[PDB]
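In case you want the letters, here they are:
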Amino acid sequence: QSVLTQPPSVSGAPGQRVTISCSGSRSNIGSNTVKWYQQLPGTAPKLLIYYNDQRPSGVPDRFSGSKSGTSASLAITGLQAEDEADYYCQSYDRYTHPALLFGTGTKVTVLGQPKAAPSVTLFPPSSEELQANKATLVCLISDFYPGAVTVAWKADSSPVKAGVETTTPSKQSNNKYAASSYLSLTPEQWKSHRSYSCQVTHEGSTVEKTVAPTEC
Amino acid sequence: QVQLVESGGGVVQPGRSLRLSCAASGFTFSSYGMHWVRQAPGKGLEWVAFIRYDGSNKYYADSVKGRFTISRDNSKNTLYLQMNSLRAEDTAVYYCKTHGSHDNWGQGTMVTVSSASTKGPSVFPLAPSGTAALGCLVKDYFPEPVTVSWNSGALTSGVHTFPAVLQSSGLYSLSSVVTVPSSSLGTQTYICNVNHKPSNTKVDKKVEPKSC
């Protein structure tokens, strides 16, 4: 029910300082302590901070936690390559209650190359597929860094909720990242709107591609 | 040496039951409350359930309440999660976690809830509309992998086969695109060669410019 909002992506060069915010409410963060976890690919989360700012044995002191009001923060002073990972805050909701509230999660990227905006290619449903009474919009996203994007679909100008399937970013052969998003529609939905748009937000900047049924 | 080992995961169809186990050692299991925490592929952590040190009280997330049951046998130093009426949205790695300031996690056990069987892909052309991009859509297949080549392997420059998306239905879909010069769009012929060995499906689809 209650959500602890974290930024999806934070990045910095080796040796730089980054901070990860964790926004809650008076009921949870405002009334309870906060933990922070580090998760590397394919492994379980690892405790970094407990009791708001305590470090377990073996955690470098460049990881520092803080809390104020309804928000908590994890600071990493002097990013090292090994710090590239996902980070989760965790707190509780009531007084002396056991259910765990995990934050939405933050991907920390240690910048090993200049930031690169994604190249977006939006394909409409093919004639063969529409003949089969099916319709899929294919939004291909490539050559972006850091590997973190948010995809939003638009029917004309209205947002589209149902039918969206998006992959997690994966590193390409050229060491940039790629992702794909699919919007499943019926032939009627695809032809009852003048256009559909794939909006890809990367590092605060949006790249939009639009496709229309009429154009053959 | 604290150690937590989850087991009981696997592949199951929706609506069926599964019982997870977490063998604990290296500490007084009976003195600690225990959590189950899950993580769907590519998603965040989601708390599932909690049980007191003595099993006197149990807590569940609304998404699993009434379907999952947490239990523990302190004489056996094992934690259990009985999962009934499983759904596709329960697909996740399920972790076992101790309750405390200095907590410990297990490696996790993967649970896949899907009614998907071997199925060959439906290949559709992604027609191009001085560099134009065209591809094929390899739609709805199971299981991995799928191999995609262009012109029987003669066309490798500018080819990008994207990783497949795992749909909620448990089926896969990927796309392969090639960036080619717009001038050769009328003369050159582009065929994507799709092969799905599990279903013995091999398809050669021709991608032609869209024309009314």
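Per the PDB record, this model was obtained through X-ray crystallography at a reported resolution of 2.219 Å.

Caption draft 1: Structural detail: the overall build of chain A. Scanning chain A for helices and strands turns up two helices and 18 strands. Reported as C-alpha extents along the three principal axes, the dimensions of chain A are approximately 65 × 40 × 25 Å.

Caption draft 2: Structural view of the pairing of strand β18 (residues 205-211) of chain A. Bridging between strand β17 (residues 196-202) of chain A and β18 of chain A involves seven bridges; their strand directions are antiparallel. Among the inter-strand pairings, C198 of chain A is bridged to a residue of β18 of chain A, identified as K209 of chain A.

Caption draft 3: Broad picture of the domain arrangement of chain B. Its domain assignment divides chain B into domain 1 (1-115) and domain 2 (116-212). Taking only C-alpha atoms into account, the centre of domain 1 of chain B sits 40 Å from that of domain 2 of chain B.

Caption draft 4: Geometry of the domain arrangement of chain A. Residues and elements named next belong to chain A. Partitioning chain A into domains gives domain 1 (1-112) and domain 2 (113-213). In this structure, domain 1 and domain 2 have C-alpha centres spaced 31 Å apart. Contact with domain 1, which involves seven residues of that partner, is made by seven residues of domain 2. A combined buried area of about 580 Å² lies between domain 1 and domain 2, and 51% of that area is made up of carbon and sulfur atoms. Area buried by domain 1 at its contact with domain 2 is led by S9, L111 and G112, which between them contribute 51% of it. Linking domain 1 with domain 2 are zero salt bridges, by the criterion used here. Summed over the shared surface of domain 1 and domain 2, the result is three residue pairs in polar contact. Put simply, the parts of the chain that give the side of domain 1 that touches domain 2 at least two residues each are β1 (9-12) and β9 (106-110). Across the side of domain 1 that touches domain 2, the residue classes break down as two nonpolar, four polar and one charged.

Caption draft 5: A look at the environment of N193 of chain B. Residue and element names in this part refer to chain B. Its location among the elements puts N193 in strand β17 (residues 190-196). What makes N193 buried here is its relative accessible area of 14%. Polar side-chain contacts of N193 include one of 2.6 Å to the backbone nitrogen of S152.

Caption draft 6: Quick peek at the interface of chain B and chain A. Taken together, the contact between chain B and chain A spans 44 residues of the former and 40 residues of the latter. Put simply, the parts of the chain that give the side of chain B that touches chain A at least two residues each are β4 (34-39), β5 (45-51), β9 (92-98), β11 (122-126), β12 (131-141) and β16 (172-181) of chain B. With five residues, the top contributor of residues to the side of chain B that touches chain A is β12 of chain B.

Caption draft 7: Summary view of the packing of aromatic side chains. In total, this model carries 13 aromatic pairs over all chains according to the counting rule given. Where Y37 of chain A meets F102 of chain A, the ring centres are 6.1 Å apart and the plane angle is 55°; that geometry is what we call tilted. Placement of the pair is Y37 of chain A in strand β3 (residues 35-39) and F102 of chain A in strand β8 (residues 101-102), with a sequence separation of 65 residues. A centroid spacing of 5.4 Å and a plane angle of 55° characterise the contact between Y50 of chain A and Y51 of chain A, whose relative ring orientation is tilted. For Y51 of chain A, a relative accessible area of 47% gives the class partly exposed. Grouped by ring-pair contacts, the aromatic residues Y37 and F102 of chain A together with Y95 and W105 of chain B constitute a single cluster. Above the plane of the ring of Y80 of chain B lies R19 of chain B, whose end atom (NZ or CZ) is 3.8 Å from the centre. Its end group placed over the ring of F29 of chain B, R72 of chain B keeps NZ or CZ at 4.1 Å from the ring centre.

Caption draft 8: Region of interest: the sheet that holds strand β10 (residues 109-113) of chain B. All names here are of chain B. The strand order β2-β10-β9-β4-β5-β6 describes an open sheet built from six strands, whose pairing is mixed. Each having just a single partner strand, β2 (10-12) and β6 (58-60) make up the two edges of the open sheet. The average angle at which neighbouring strand axes cross in this sheet is 25°, direction not considered. Taken together, the six bridges between β4 and β9 define a ladder with antiparallel strand orientation. Bridge assignment links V37 to a residue of β9, and that residue is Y95.

About the cut-offs
Residues numbered from 1 in each chain as written, not as in the entry; some residues may be left out. Chains lettered and ligands numbered in written order. Heavy atoms only, no water. Residues with missing side-chain atoms left out of burial classes, pairs and counts. Helix = DSSP H or I, 4+ residues; strand = E, 2+ residues; numbered from the N terminus. Pairing = 2+ DSSP bridges. Domains from an automatic or database assignment. Contact = heavy atoms within 4.5 Å. Buried area = accessible area lost by both parts, 1.4 Å probe. Salt bridge = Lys/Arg side-chain N within 4 Å of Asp/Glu carboxyl O. Polar contact = N/O pair within 3.5 Å; in protein donor to acceptor, adjacent residues only side chain to side chain. Nonpolar A, V, L, I, M, F, W, Y, C, P; charged D, E, K, R; others polar. Buried < 20%, exposed > 50% of the residue type's maximum accessible area, 1.4 Å probe, protein only. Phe/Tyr/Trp six-rings, centres within 6.5 Å; stacked < 30°, edge-to-face > 60°. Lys NZ or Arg CZ within 6 Å of the ring centre and 35° of its normal. Axes fitted to C-alpha atoms, helices over the stretch in contact; angles between N-to-C directions.

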